[PDB]
>>> print(open('final22.txt').read())   # compact mmCIF, C-alpha atoms and all ligand atoms
# COMPACT_ATOMS: atom_id res chain seq x y z
CA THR A 4 48.38 20.71 18.18
CA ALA A 5 45.50 19.28 16.15
CA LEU A 6 44.78 16.90 19.03
CA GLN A 7 44.04 19.74 21.45
CA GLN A 8 41.86 21.44 18.83
CA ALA A 9 39.90 18.20 18.48
CA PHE A 10 39.46 17.98 22.26
CA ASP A 11 38.27 21.60 22.39
CA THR A 12 35.74 20.93 19.62
CA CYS A 13 34.51 17.80 21.41
CA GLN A 14 34.10 19.68 24.70
CA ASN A 15 32.28 22.52 22.92
CA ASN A 16 29.92 20.01 21.29
CA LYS A 17 29.29 18.31 24.64
CA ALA A 18 28.55 21.62 26.37
CA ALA A 19 26.24 22.70 23.55
CA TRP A 20 24.40 19.36 23.73
CA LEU A 21 24.06 19.68 27.51
CA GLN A 22 22.62 23.20 27.33
CA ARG A 23 20.32 22.16 24.47
CA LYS A 24 18.93 19.38 26.67
CA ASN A 25 18.64 21.93 29.49
CA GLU A 26 16.45 24.21 27.38
CA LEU A 27 14.66 21.08 26.13
CA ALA A 28 13.69 20.07 29.67
CA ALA A 29 12.67 23.65 30.40
CA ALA A 30 10.45 23.50 27.31
CA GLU A 31 8.77 20.25 28.39
CA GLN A 32 8.14 21.48 31.93
CA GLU A 33 6.74 24.82 30.72
CA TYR A 34 4.54 23.08 28.14
CA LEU A 35 3.25 20.67 30.80
CA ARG A 36 2.39 23.49 33.21
CA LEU A 37 0.60 25.40 30.44
CA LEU A 38 -1.22 22.23 29.35
CA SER A 39 -2.42 21.67 32.93
CA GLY A 40 -5.09 24.27 32.18
CA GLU A 41 -7.87 23.73 29.66
CA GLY A 42 -8.33 25.82 26.52
CA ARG A 43 -6.44 28.84 27.85
CA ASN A 44 -3.88 29.19 25.04
CA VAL A 45 -4.75 26.42 22.53
CA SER A 46 -2.81 28.25 19.82
CA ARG A 47 0.13 28.64 22.20
CA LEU A 48 -0.34 24.97 23.10
CA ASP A 49 0.15 24.05 19.44
CA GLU A 50 3.15 26.40 19.30
CA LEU A 51 4.57 24.66 22.38
CA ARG A 52 4.11 21.24 20.78
CA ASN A 53 5.93 22.58 17.71
CA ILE A 54 8.76 23.96 19.85
CA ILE A 55 9.03 20.62 21.68
CA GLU A 56 9.41 18.89 18.31
CA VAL A 57 12.01 21.44 17.15
CA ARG A 58 13.99 21.18 20.38
CA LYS A 59 14.00 17.37 20.38
CA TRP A 60 15.11 17.27 16.73
CA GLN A 61 17.88 19.78 17.40
CA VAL A 62 18.97 17.83 20.49
CA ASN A 63 19.16 14.68 18.36
CA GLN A 64 21.23 16.54 15.76
CA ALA A 65 23.59 17.88 18.44
CA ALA A 66 23.90 14.39 19.93
CA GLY A 67 24.87 13.01 16.53
CA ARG A 68 27.38 15.84 16.08
CA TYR A 69 28.89 15.03 19.48
CA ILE A 70 28.99 11.29 18.73
CA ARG A 71 30.89 11.74 15.46
CA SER A 72 33.18 14.37 17.01
CA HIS A 73 34.02 11.99 19.86
CA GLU A 74 34.64 9.16 17.39
CA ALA A 75 37.01 11.37 15.39
CA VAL A 76 38.81 12.50 18.55
CA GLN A 77 39.24 8.90 19.73
CA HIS A 78 40.46 7.86 16.28
CA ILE A 79 43.07 10.63 16.17
CA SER A 80 44.21 9.92 19.74
CA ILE A 81 44.63 6.18 19.14
CA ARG A 82 46.39 6.94 15.84
CA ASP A 83 48.89 9.19 17.64
CA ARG A 84 49.47 6.67 20.43
CA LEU A 85 49.93 3.72 18.08
CA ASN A 86 52.19 5.75 15.79
CA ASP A 87 54.51 6.91 18.56
CA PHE A 88 54.73 3.47 20.19
CA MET A 89 55.28 1.90 16.77
CA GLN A 90 58.23 4.15 15.94
CA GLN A 91 59.51 3.13 19.38
CA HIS A 92 59.19 -0.62 18.70
CA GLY A 93 58.69 -1.16 14.97
CA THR A 94 61.82 -3.25 14.41
CA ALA A 95 60.64 -6.20 16.51
CA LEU A 96 57.19 -6.07 14.91
CA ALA A 97 58.84 -6.19 11.48
CA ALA A 98 61.05 -9.09 12.59
CA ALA A 99 58.04 -11.06 13.86
CA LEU A 100 56.13 -10.33 10.61
CA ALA A 101 58.99 -10.48 8.10
CA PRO A 102 57.51 -12.70 5.33
CA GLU A 103 54.58 -10.33 4.84
CA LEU A 104 56.92 -7.34 4.55
CA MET A 105 59.05 -9.10 1.93
CA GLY A 106 55.78 -9.89 0.15
CA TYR A 107 54.66 -6.26 0.27
CA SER A 108 58.08 -4.89 -0.73
CA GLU A 109 57.96 -5.80 -4.43
CA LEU A 110 54.83 -7.83 -5.28
CA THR A 111 51.86 -6.52 -7.25
CA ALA A 112 48.57 -5.24 -5.87
CA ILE A 113 46.80 -8.61 -5.66
CA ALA A 114 49.76 -10.18 -3.87
CA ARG A 115 50.03 -7.00 -1.80
CA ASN A 116 46.52 -7.44 -0.41
CA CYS A 117 47.11 -11.19 -0.04
CA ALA A 118 50.08 -10.41 2.20
CA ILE A 119 47.90 -7.79 3.90
CA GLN A 120 45.25 -10.35 4.82
CA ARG A 121 47.86 -12.92 5.87
CA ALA A 122 49.51 -10.43 8.23
CA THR A 123 46.21 -9.16 9.59
CA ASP A 124 44.66 -12.55 10.35
CA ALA A 125 47.90 -13.92 11.82
CA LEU A 126 48.03 -10.96 14.18
CA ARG A 127 44.31 -11.33 14.99
CA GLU A 128 44.86 -14.95 16.01
CA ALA A 129 47.93 -13.97 18.04
CA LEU A 130 45.96 -11.20 19.79
CA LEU A 131 43.01 -13.46 20.60
CA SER A 132 45.40 -16.10 21.92
CA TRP A 133 47.17 -13.60 24.18
CA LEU A 134 44.13 -11.69 25.50
CA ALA A 135 42.90 -14.82 27.32
CA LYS A 136 44.83 -13.56 30.37
CA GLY A 137 42.76 -10.37 30.50
CA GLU A 138 45.05 -8.25 32.66
CA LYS A 139 44.19 -4.65 33.57
CA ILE A 140 46.26 -1.76 32.19
CA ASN A 141 46.04 1.97 32.90
CA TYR A 142 46.03 4.78 30.32
CA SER A 143 48.98 6.03 28.26
CA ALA A 144 51.95 8.01 29.61
CA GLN A 145 50.96 11.57 28.66
CA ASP A 146 47.39 10.63 27.64
CA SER A 147 45.91 10.10 31.11
CA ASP A 148 43.52 13.05 31.44
CA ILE A 149 42.81 12.75 27.70
CA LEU A 150 41.27 9.34 28.37
CA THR A 151 39.87 10.52 31.73
CA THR A 152 37.90 13.71 31.08
CA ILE A 153 36.68 12.74 27.59
CA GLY A 154 35.23 9.47 28.88
CA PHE A 155 35.55 5.83 27.87
CA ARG A 156 32.08 5.94 26.27
CA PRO A 157 29.56 8.70 25.58
CA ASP A 158 27.08 9.34 28.38
CA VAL A 159 23.95 7.21 28.66
CA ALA A 160 21.89 10.30 27.78
CA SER A 161 23.55 10.26 24.33
CA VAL A 162 22.36 6.76 23.38
CA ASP A 163 18.64 6.88 24.28
CA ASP A 164 18.02 9.99 22.14
CA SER A 165 19.98 9.11 18.97
CA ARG A 166 18.03 5.91 18.25
CA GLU A 167 15.24 7.82 16.49
CA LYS A 168 15.89 7.93 12.74
CA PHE A 169 14.82 11.00 10.76
CA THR A 170 14.68 11.05 6.96
CA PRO A 171 16.34 13.93 5.07
CA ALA A 172 12.92 15.49 4.41
CA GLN A 173 12.27 15.60 8.16
CA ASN A 174 15.76 17.01 8.73
CA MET A 175 15.29 19.82 6.20
CA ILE A 176 11.76 20.70 7.34
CA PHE A 177 12.94 20.86 10.95
CA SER A 178 15.96 22.93 9.88
CA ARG A 179 13.77 25.55 8.19
CA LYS A 180 11.33 25.43 11.12
CA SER A 181 14.22 26.20 13.47
CA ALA A 182 15.20 28.93 11.00
CA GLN A 183 11.94 30.80 11.50
CA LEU A 184 12.26 29.96 15.21
CA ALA A 185 15.57 31.85 15.27
CA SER A 186 14.02 34.66 13.23
CA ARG A 187 11.25 35.04 15.82
CA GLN A 188 13.74 34.80 18.69
CA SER A 189 15.79 37.63 17.17
CA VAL A 190 12.73 39.89 17.29
CA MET B 1 -22.67 60.10 29.15
CA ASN B 2 -21.61 57.00 27.20
CA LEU B 3 -24.01 56.33 24.32
CA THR B 4 -22.96 52.70 23.77
CA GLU B 5 -24.77 51.43 26.89
CA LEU B 6 -27.98 53.17 25.79
CA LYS B 7 -27.42 51.98 22.21
CA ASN B 8 -27.06 48.23 22.82
CA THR B 9 -30.01 48.29 25.24
CA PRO B 10 -33.35 47.16 23.73
CA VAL B 11 -36.03 49.57 22.57
CA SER B 12 -38.22 49.10 25.67
CA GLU B 13 -35.60 50.43 28.09
CA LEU B 14 -34.88 53.36 25.76
CA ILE B 15 -38.54 54.34 25.47
CA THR B 16 -39.06 53.99 29.24
CA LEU B 17 -36.15 56.32 29.91
CA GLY B 18 -37.72 58.53 27.24
CA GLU B 19 -40.88 58.95 29.29
CA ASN B 20 -38.98 59.34 32.54
CA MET B 21 -36.65 62.03 31.11
CA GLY B 22 -39.57 64.33 30.20
CA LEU B 23 -40.32 63.56 26.52
CA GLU B 24 -43.23 61.15 26.04
CA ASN B 25 -43.95 61.45 22.29
CA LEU B 26 -40.70 59.92 21.02
CA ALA B 27 -41.79 56.36 20.19
CA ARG B 28 -43.16 56.51 16.62
CA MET B 29 -39.93 57.03 14.67
CA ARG B 30 -36.56 55.40 14.00
CA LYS B 31 -34.14 54.22 16.67
CA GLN B 32 -31.57 56.69 15.35
CA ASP B 33 -34.07 59.55 15.60
CA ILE B 34 -35.09 58.42 19.11
CA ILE B 35 -31.51 58.34 20.40
CA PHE B 36 -30.67 61.58 18.59
CA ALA B 37 -33.53 63.47 20.23
CA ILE B 38 -32.96 61.91 23.66
CA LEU B 39 -29.25 62.76 23.61
CA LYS B 40 -30.11 66.22 22.24
CA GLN B 41 -32.31 67.02 25.23
CA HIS B 42 -29.82 65.34 27.59
CA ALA B 43 -26.89 67.45 26.36
CA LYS B 44 -29.12 70.53 26.36
CA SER B 45 -29.36 70.07 30.14
CA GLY B 46 -25.58 70.50 30.35
CA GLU B 47 -24.13 67.16 31.46
CA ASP B 48 -21.04 65.17 30.54
CA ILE B 49 -21.30 63.25 27.26
CA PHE B 50 -19.04 60.44 26.02
CA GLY B 51 -18.89 58.83 22.59
CA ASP B 52 -17.17 56.12 20.59
CA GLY B 53 -17.24 54.70 17.10
CA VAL B 54 -15.39 54.00 13.86
CA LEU B 55 -14.57 56.83 11.47
CA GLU B 56 -14.50 57.15 7.69
CA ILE B 57 -13.53 59.89 5.24
CA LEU B 58 -15.68 61.06 2.33
CA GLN B 59 -14.41 62.41 -0.99
CA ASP B 60 -14.11 66.00 0.28
CA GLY B 61 -12.03 64.91 3.28
CA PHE B 62 -14.67 65.72 5.91
CA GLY B 63 -15.41 62.58 7.86
CA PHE B 64 -18.21 60.68 9.59
CA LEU B 65 -18.17 58.52 12.72
CA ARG B 66 -20.50 55.50 12.74
CA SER B 67 -21.42 52.96 15.41
CA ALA B 68 -21.11 49.18 15.29
CA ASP B 69 -24.56 48.45 16.74
CA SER B 70 -26.31 50.54 14.06
CA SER B 71 -24.47 48.45 11.43
CA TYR B 72 -22.63 51.60 10.30
CA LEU B 73 -25.87 53.32 9.29
CA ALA B 74 -25.90 56.92 8.05
CA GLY B 75 -28.29 57.96 10.80
CA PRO B 76 -28.10 60.94 13.15
CA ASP B 77 -26.03 58.84 15.58
CA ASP B 78 -22.96 59.55 13.43
CA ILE B 79 -20.45 62.16 14.60
CA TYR B 80 -18.73 64.77 12.44
CA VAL B 81 -14.93 64.60 12.39
CA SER B 82 -12.82 67.29 10.74
CA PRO B 83 -9.84 66.63 8.45
CA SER B 84 -7.74 68.67 10.89
CA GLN B 85 -7.80 65.76 13.35
CA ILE B 86 -6.26 63.69 10.55
CA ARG B 87 -3.72 66.38 9.66
CA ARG B 88 -2.31 66.99 13.16
CA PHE B 89 -3.61 64.21 15.43
CA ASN B 90 -2.49 61.78 12.68
CA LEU B 91 -5.57 59.54 12.61
CA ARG B 92 -6.04 57.22 9.64
CA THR B 93 -9.29 55.89 8.19
CA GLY B 94 -11.38 53.49 10.26
CA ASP B 95 -9.54 54.13 13.53
CA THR B 96 -11.76 53.35 16.51
CA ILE B 97 -12.16 56.62 18.42
CA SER B 98 -13.52 56.91 21.96
CA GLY B 99 -13.60 60.14 23.93
CA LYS B 100 -15.40 63.39 24.60
CA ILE B 101 -18.05 64.62 22.16
CA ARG B 102 -19.47 68.08 21.53
CA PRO B 103 -23.16 68.97 21.13
CA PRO B 104 -23.48 70.47 17.64
CA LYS B 105 -24.39 74.15 17.45
CA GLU B 106 -27.00 75.80 15.23
CA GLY B 107 -26.99 74.55 11.65
CA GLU B 108 -24.96 71.44 12.55
CA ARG B 109 -26.98 68.22 12.29
CA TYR B 110 -24.26 65.81 13.46
CA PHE B 111 -22.25 65.73 16.68
CA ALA B 112 -18.59 66.71 16.93
CA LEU B 113 -15.61 65.59 19.00
CA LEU B 114 -14.04 67.67 21.76
CA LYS B 115 -11.00 65.46 22.39
CA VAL B 116 -9.89 61.88 21.76
CA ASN B 117 -9.21 59.56 24.71
CA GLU B 118 -8.54 56.14 23.13
CA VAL B 119 -7.53 55.08 19.61
CA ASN B 120 -7.58 51.39 18.66
CA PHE B 121 -7.52 50.40 22.35
CA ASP B 122 -4.32 52.47 22.69
CA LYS B 123 -3.34 55.96 23.76
CA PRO B 124 -3.85 58.57 21.00
CA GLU B 125 -0.31 59.89 21.52
CA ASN B 126 1.58 56.79 20.37
CA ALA B 127 -0.82 56.10 17.48
CA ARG B 128 0.92 58.77 15.39
CA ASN B 129 4.14 56.77 14.91
CA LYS B 130 2.36 53.52 14.04
CA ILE B 131 3.56 51.30 11.20
CA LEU B 132 1.18 50.91 8.27
CA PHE B 133 -0.52 47.65 7.31
CA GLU B 134 1.00 47.34 3.84
CA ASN B 135 4.48 48.26 5.11
CA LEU B 136 4.61 45.04 7.16
CA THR B 137 6.41 42.22 5.38
CA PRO B 138 4.10 39.17 5.20
CA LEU B 139 4.83 35.46 5.58
CA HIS B 140 2.90 32.20 5.39
CA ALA B 141 0.57 30.60 7.97
CA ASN B 142 3.09 29.97 10.74
CA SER B 143 0.53 29.52 13.54
CA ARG B 144 -2.05 26.73 13.74
CA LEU B 145 -5.60 27.17 15.04
CA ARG B 146 -7.54 24.25 16.55
CA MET B 147 -11.32 24.22 16.17
CA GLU B 148 -11.98 21.52 18.78
CA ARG B 149 -13.95 22.81 21.76
CA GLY B 150 -12.30 20.29 24.09
CA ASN B 151 -15.42 19.84 26.24
CA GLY B 152 -16.89 17.01 24.16
CA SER B 153 -19.83 19.07 22.91
CA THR B 154 -22.69 17.41 21.06
CA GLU B 155 -21.74 19.38 17.91
CA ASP B 156 -17.94 19.14 18.28
CA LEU B 157 -17.93 16.37 15.65
CA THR B 158 -18.42 18.92 12.86
CA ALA B 159 -15.46 21.00 14.08
CA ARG B 160 -13.31 17.87 14.40
CA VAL B 161 -14.22 16.80 10.85
CA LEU B 162 -13.34 20.29 9.63
CA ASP B 163 -9.98 20.10 11.41
CA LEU B 164 -9.24 16.68 9.90
CA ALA B 165 -10.25 17.73 6.38
CA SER B 166 -8.53 21.15 6.35
CA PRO B 167 -6.74 22.62 9.38
CA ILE B 168 -6.99 26.39 9.76
CA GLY B 169 -4.22 28.79 10.73
CA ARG B 170 -3.49 32.40 11.58
CA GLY B 171 -3.12 34.75 8.63
CA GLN B 172 -4.18 32.12 6.09
CA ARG B 173 -6.11 32.70 2.86
CA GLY B 174 -8.91 30.17 2.46
CA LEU B 175 -12.13 29.65 0.54
CA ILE B 176 -15.15 27.45 1.22
CA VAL B 177 -16.75 26.61 -2.12
CA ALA B 178 -20.26 25.30 -1.62
CA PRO B 179 -23.52 24.83 -3.54
CA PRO B 180 -26.74 26.04 -1.92
CA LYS B 181 -28.38 24.06 0.90
CA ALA B 182 -24.90 23.02 2.07
CA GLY B 183 -25.23 23.85 5.77
CA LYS B 184 -22.35 26.30 5.44
CA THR B 185 -23.98 29.14 7.40
CA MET B 186 -24.22 27.22 10.66
CA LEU B 187 -20.76 25.69 10.30
CA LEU B 188 -19.35 29.22 10.00
CA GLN B 189 -21.31 30.20 13.10
CA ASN B 190 -19.98 27.07 14.84
CA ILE B 191 -16.36 27.91 14.03
CA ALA B 192 -17.03 31.51 15.11
CA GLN B 193 -18.29 30.44 18.53
CA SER B 194 -15.44 27.91 18.75
CA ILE B 195 -12.78 30.58 18.20
CA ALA B 196 -14.64 32.91 20.58
CA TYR B 197 -14.65 30.31 23.36
CA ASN B 198 -11.14 28.93 22.81
CA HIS B 199 -9.40 32.25 22.02
CA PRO B 200 -10.65 35.20 24.11
CA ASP B 201 -7.74 37.44 23.07
CA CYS B 202 -8.18 37.58 19.29
CA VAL B 203 -10.97 39.80 17.96
CA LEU B 204 -13.90 38.07 16.25
CA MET B 205 -16.53 39.50 13.92
CA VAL B 206 -18.74 38.10 11.16
CA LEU B 207 -19.62 39.99 7.97
CA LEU B 208 -23.14 39.47 6.60
CA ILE B 209 -23.99 40.71 3.11
CA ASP B 210 -27.47 40.73 1.49
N1 LIG C 301 -23.60 18.66 11.00
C1 LIG C 301 -24.90 18.66 10.69
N2 LIG C 301 -25.78 18.19 11.60
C2 LIG C 301 -27.08 18.20 11.30
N3 LIG C 301 -27.68 18.62 10.18
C3 LIG C 301 -26.79 19.08 9.30
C4 LIG C 301 -25.41 19.14 9.47
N4 LIG C 301 -24.81 19.68 8.34
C5 LIG C 301 -25.81 19.92 7.54
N5 LIG C 301 -27.04 19.59 8.05
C6 LIG C 301 -28.33 19.75 7.40
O1 LIG C 301 -28.13 20.34 6.13
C7 LIG C 301 -29.18 21.30 5.85
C8 LIG C 301 -28.58 22.67 5.68
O2 LIG C 301 -29.36 23.62 6.43
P1 LIG C 301 -28.90 25.12 6.59
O3 LIG C 301 -30.06 26.03 6.71
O4 LIG C 301 -27.90 25.20 7.74
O5 LIG C 301 -28.08 25.40 5.25
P2 LIG C 301 -27.22 26.59 4.64
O6 LIG C 301 -26.24 25.98 3.63
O7 LIG C 301 -26.62 27.43 5.69
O8 LIG C 301 -28.30 27.39 3.80
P3 LIG C 301 -28.43 28.20 2.44
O9 LIG C 301 -27.42 27.74 1.45
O10 LIG C 301 -29.88 27.97 1.98
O11 LIG C 301 -28.26 29.67 2.85
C9 LIG C 301 -30.18 21.17 7.00
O12 LIG C 301 -31.21 20.24 6.67
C10 LIG C 301 -29.31 20.66 8.15
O13 LIG C 301 -30.06 19.92 9.10
MG MG C 302 -27.03 29.11 4.48
>>> encode(input="final22.txt", output="structure tokens", more="lines below")
Ligand SMILES: Nc1ncnc2c1ncn2[C@@H]1O[C@H](COP(=O)(O)OP(=O)(O)OP(=O)(O)O)[C@@H](O)[C@H]1O
Ligand SMILES: [Mg+2]
Amino acid sequence: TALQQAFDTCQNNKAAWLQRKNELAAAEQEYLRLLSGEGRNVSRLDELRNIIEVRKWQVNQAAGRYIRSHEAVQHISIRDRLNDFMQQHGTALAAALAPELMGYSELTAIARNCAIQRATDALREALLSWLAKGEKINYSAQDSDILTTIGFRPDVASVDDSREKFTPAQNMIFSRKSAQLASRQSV
Amino acid sequence: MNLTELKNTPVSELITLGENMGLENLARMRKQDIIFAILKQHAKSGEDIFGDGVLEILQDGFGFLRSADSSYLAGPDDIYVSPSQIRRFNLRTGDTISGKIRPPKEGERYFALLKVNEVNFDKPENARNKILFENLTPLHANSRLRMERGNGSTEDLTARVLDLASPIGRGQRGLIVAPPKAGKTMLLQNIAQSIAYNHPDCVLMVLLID
């Protein structure tokens, strides 16, 4: 049931990212309305700029968390699908790729990886020859809503915010800044 | 009635009210003596009197109450405060007290307090269970203060240069080392007026020594 745990973690990350962007947008709108006036709360204006920076950094961190969680979930799902189908139909695949399996059965490491690359590039050329047809295929048998609700790709809001690159010094300074943010919020 | 309004007023208005209140030979002496005698005759008439100030405690425990306008001078304008107010009312040193005052009786040079109405801009009742200054755990300069006026003033360039060179923050500990003839006095007055204009909530005062 590790698959379902992965899906639950991915959904939790997505919901956390969505609510973090919600409070982010609330922060920008509140800061804009307070900045509409002149010199009223200059110190609070600086605090609002700081909170905008903290919120955007934390949104970027949550987006990265969600991206890697989704990548892991997709990897595990495709691993499970390929594994089950391959136990179903491994004999014909072995028959069509016999010389490489005889090579891998007893040869040494260098010949092992030589057979590895022979098998892999032969199957790449076969795949690129076949995919010229480009037919359309639905999802798996019991993995329909898995590939439906998770999404083929992460949302467009998750790609325009993760392009900013922050060095580890920026990450740690923003982490401690959010630490005193949480300390103030507790009070 | 409230002595602050008749304290911050200039000498001319005070002397004019002196003649119009019935005492015309109260001009050739100190401001403290003038206000002391005027308030003495005013309270002798039997009218309501209000006072305010900042207190301090001597070595014996008996305390004085000075005024900000008089630069905390030991003139007659001070008000006697007993240690009993400290012992039951739970008032610490330097607490700003505003409320009723009592005309001192025979042998008492300084005024006394009848009751307290406001302590540190707060009700006297909840000032008893107030946390001490040293008991508060400190931190670093979390908040940032901006010295720019924002109106494009003709002298805003100095404040902007100060901000660029060394930003200032709340609760920070800073020094301005300077030789004489450095123009420091007016840059301190400039930052004082800047924080007064930009921040009307925080309290501002400037300490002048010798
Ligand atoms: N931003 C400025 N604009 C114009 N003049 C300036 C500025 N800063 C310094 N000065 C000049 O520097 C000199 C300093 O004069 P000022 O009386 O303000 O000095 P001070 O350091 O406060 O005095 P002191 O050390 O003698 O108590 C003056 O000639 C003043 O015109
Ligand atoms: Mg000077």
>>> closest_atom_pairs(input="final22.txt", of="chain B", to="ligand LIG 301 (chain C)", cutoff="12 Å", atoms="only C-alpha atoms and all ligand atoms", output="CSV")
residue,atom,partner,partner_atom,distance
B:154,CA,C:LIG301,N2,10.0
B:155,CA,C:LIG301,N1,7.2
B:156,CA,C:LIG301,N1,9.2
B:157,CA,C:LIG301,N1,7.7
B:158,CA,C:LIG301,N1,5.5
B:159,CA,C:LIG301,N1,9.0
B:160,CA,C:LIG301,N1,10.9
B:161,CA,C:LIG301,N1,9.6
B:162,CA,C:LIG301,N1,10.5
B:176,CA,C:LIG301,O6,11.4
B:177,CA,C:LIG301,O6,11.1
B:178,CA,C:LIG301,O6,8.0
B:179,CA,C:LIG301,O9,7.0
B:180,CA,C:LIG301,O9,3.8
B:181,CA,C:LIG301,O9,3.8
B:182,CA,C:LIG301,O6,3.6
B:183,CA,C:LIG301,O6,3.2
B:184,CA,C:LIG301,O6,4.3
B:185,CA,C:LIG301,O7,3.6
B:186,CA,C:LIG301,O4,5.1
B:187,CA,C:LIG301,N4,7.5
B:188,CA,C:LIG301,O7,8.6
B:189,CA,C:LIG301,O7,9.5
B:190,CA,C:LIG301,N1,9.9
B:208,CA,C:LIG301,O11,11.7
B:209,CA,C:LIG301,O11,11.8
B:210,CA,C:LIG301,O11,11.2
>>> residues_around(input="final22.txt", residues="residue 93 (chain B)", least_positions_apart="6", cutoff="10 Å", atoms="all atoms listed in the file", output="JSON, numbers by chain")
{"B": [54, 55, 56, 57, 63, 86]}
>>> write_last_selection(input="final22.txt", atoms="C-alpha atoms", output="mmCIF file, keeping the file's coordinate frame")
data_model
loop_
_atom_site.group_PDB
_atom_site.id
_atom_site.type_symbol
_atom_site.label_atom_id
_atom_site.label_comp_id
_atom_site.auth_asym_id
_atom_site.auth_seq_id
_atom_site.Cartn_x
_atom_site.Cartn_y
_atom_site.Cartn_z
ATOM 1 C CA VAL B 54 -15.390 54.000 13.860
ATOM 2 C CA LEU B 55 -14.570 56.830 11.470
ATOM 3 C CA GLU B 56 -14.500 57.150 7.690
ATOM 4 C CA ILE B 57 -13.530 59.890 5.240
ATOM 5 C CA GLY B 63 -15.410 62.580 7.860
ATOM 6 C CA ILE B 86 -6.260 63.690 10.550
#
>>> residues_around(input="final22.txt", residues="region 150-157 of chain A", least_positions_apart="4", cutoff="10 Å", atoms="all atoms listed in the file", output="PyMOL selection string")
chain A and resi 10+13-14+17+66+69-70+73-74+76-77+80+141-143+145-146+161-162
>>> interface_residues(input="final22.txt", of="chain A", to="chain B", cutoff="9 Å", atoms="only C-alpha atoms", output="list in words")
residues 41, 42, 43, 44, 45, 46, 47, 49, 50 and 183 of chain A
>>> axis_aligned_box(input="final22.txt", around="region 194-199 of chain B", padding_each_side="8 Å", output="AutoDock Vina command-line options")
--center_x -12.4 --center_y 30.4 --center_z 20.8 --size_x 22.0 --size_y 21.0 --size_z 21.2
>>> atom_distance(input="final22.txt", atom1="CA of residue 19 (chain B)", atom2="CA of residue 38 (chain B)")
10.2 Å
>>> closest_residue(input="final22.txt", among="B:62, B:47, B:89, B:9", to="residue 101 (chain B)", atoms="all atoms listed in the file")
B:47
>>> residues_around(input="final22.txt", residues="residue 113 (chain B)", least_positions_apart="5", cutoff="8 Å", atoms="all atoms listed in the file", output="PyMOL selection string")
chain B and resi 79-81+99-102
